[PDB]
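Here it is, the structure in full.
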Amino acid sequence: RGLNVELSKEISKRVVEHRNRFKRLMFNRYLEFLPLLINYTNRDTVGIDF
Amino acid sequence: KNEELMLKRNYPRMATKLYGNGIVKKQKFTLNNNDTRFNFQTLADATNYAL
Amino acid sequence: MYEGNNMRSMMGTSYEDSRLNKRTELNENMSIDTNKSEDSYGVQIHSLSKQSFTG
Amino acid sequence: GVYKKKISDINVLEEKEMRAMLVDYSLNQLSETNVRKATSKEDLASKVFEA
Amino acid sequence: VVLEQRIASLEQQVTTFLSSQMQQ
Amino acid sequence: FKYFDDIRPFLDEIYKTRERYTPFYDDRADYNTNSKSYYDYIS
Amino acid sequence: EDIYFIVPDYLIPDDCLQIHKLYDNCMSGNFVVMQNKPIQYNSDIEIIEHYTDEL
Amino acid sequence: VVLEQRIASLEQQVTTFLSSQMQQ
Amino acid sequence: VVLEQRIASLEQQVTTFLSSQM
Amino acid sequence: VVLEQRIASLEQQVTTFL
Amino acid sequence: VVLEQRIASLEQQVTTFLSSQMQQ
Amino acid sequence: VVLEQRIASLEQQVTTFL
Amino acid sequence: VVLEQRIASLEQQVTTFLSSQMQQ
Amino acid sequence: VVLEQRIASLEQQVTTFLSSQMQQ
Amino acid sequence: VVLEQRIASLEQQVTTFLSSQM
Amino acid sequence: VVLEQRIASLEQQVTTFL
Amino acid sequence: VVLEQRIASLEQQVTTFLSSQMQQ
Amino acid sequence: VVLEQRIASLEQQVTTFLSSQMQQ
């Protein structure tokens, strides 16, 4: 075992983790969505996985 | 030579080789969603990077 | 032989083929299309098309 | 077969654990008014039939 | 019309009894 | 194994830094204060 | 021509391809290229990095 | 029609299964 | 639906055959 | 005809028997 | 109609299985 | 019809296969 | 019509492929 | 109409079996 | 659609021919 | 005619054979 | 109709390939 | 009508093959 916790300004590391995880999440979510906006009269007759 | 040599047997002889197992080989990769977006200033080039 | 329900979720349904896909290929062909030096007794040097490899 | 026998074992496990809890209820609990002392093994048949 | 329903009901009755003793 | 190597390509190694791109807004350096730079420099 | 890289396997035209843009309106054999953006100046994976830190 | 052929065929298979292999 | 029902009957008949020679 | 359909399933059953 | 298409589909499958059994 | 003729030719091929 | 010619041609190619080169 | 669909289904069945042993 | 189906059949026939002389 | 179309595919197959 | 146009397109392609094989 | 389209398709096929060996 190994344990000796910092303080309860652990929150001041939890706060910056929330910021860092929010940037990572919002960035890759926004490009997770962005390649589907158009879809253009979806598969009328045409064999394309749009 | 004597006539009872007809009773004496002669087996065909064998020449073999055993091989056994091969190798399972693997190869992995680990693609990210934040640190690669510090680089790669266009998103489409990140998708091209991915494939 | 024994049935039970031979499809369980994974690795009871993986002792069969399990989606043979993208087998390793000679789509680009070494020793025939490349590694090739049977290039005809031509006339001139006409062109060599340069393509930006987007894909 | 590994899957079928490790549902079979949990069957066996809970049934023997439930007969275990019946028996130790009978011994560690269930106050002495409800016990009836037999003396032999066929005395038990008469006792349970009147009970 | 009525038969179409009873014929469907009896085929499921055969199928759920064949699987009780099947090799499947 | 006696090799007076030369004097000049050793005195530049103490004044050389690669300066890789460590991104800001990650947990590699959370507060990005100027202390982890000191650790990684003196070590 | 089919000089470009081709991703499908055996479905290739093996024949006269063309770009169907300006040779005529609606006549030439089809292989039309589609840009993401007509004139390209900056990738929008940089703009998405530009606001997400401020956000 | 063919529905009568289907109803005749399913009674045949029901008789076959319920008489040959098992009782249930 | 009728076609599906017919298909089911055919499958059951095949299954029955696959268990006994009679 | 429907008799052809009946003859086809008997051939299917005889093939499954083999 | 559609039952005729199903009967055509089943005899094609039986012929394919028979060609799977016997080499020709 | 012609589909019935093709179905008859298919049962003949199935009988020749057996 | 020509659809009957197409259905006759596809059974011929199916018989050819499934009888000549392989079983699958 | 029904044939048009079965003829399409069997051509894909031939094409996805020819590619299992193709030179392609 | 019918024309496309016919074209597909022709292509498959050609492919089959390209593998065996029979 | 359709017989001309049938004769054309046989010529196509014979040309592909060569 | 459209099948006739396809049959005209295929014989033109076969003639072009035959002219590709034999020099004239 | 159908011919008008195939005649347009083959003229572009001739024009994109003439330019492969043209003086132009």
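Brief remarks follow.
Order of writing sets the chain letters: A, B, C, D, E, F, G, H, I, J, K, L, M, N, O, P, Q and R. Residues in each chain are counted from 1.
FYI, a contact is a pair of C-beta atoms (placed from the backbone, for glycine too) under 8 Å apart; a residue touches a chain by one contact, two chains touch by 3 or more.
The minimal number of chain-to-chain contact steps leading from chain G to chain Q is 2.
Under the contact definition, chain G and chain L share no contacting chain.
The interface with the greater number of C-beta contacts, when M-O is set against A-F, is M-O. Per the C-alpha superposition, chain K sits rotated 115 degrees relative to chain M, a value rounded to a multiple of 5.
Centre-to-centre separation between chain D and chain O, using Cα means, comes to 75 Å.
A straight line joining the Cα centres of chain L and chain N is 20 Å long. With each centre defined as the average position of its C-alpha atoms, the distance from chain F to chain M rounds to 73 Å. Chain R has its Cα centroid 94 Å from the Cα centroid of chain D.
Taken residue by residue, chain H touches two or more other chains at 2-3, 6, 10, 13, 17, 21, whereas all remaining positions touch fewer. Touching of two or more other chains is recorded for residues 55 of chain C. Within chain B, contacts with two or more other chains are made by residues 34, 37-38, 43, 46.
Only residues 2, 4, 8, 12 of chain C touch chain D when the two sit together in their complex. Within the complex formed with chain B, the residues of chain G that make contact are 36, 42-46, 48-49. Here chain G touches chain N in the complex through residues 9-10, going by the rule given at the top.
Residues 4, 7-8, 11, 14-15, 18, 22-24 of chain E are the ones touching chain I in the complex. Taken together, the chain M residues at the contact with chain P in this complex read 2, 5.
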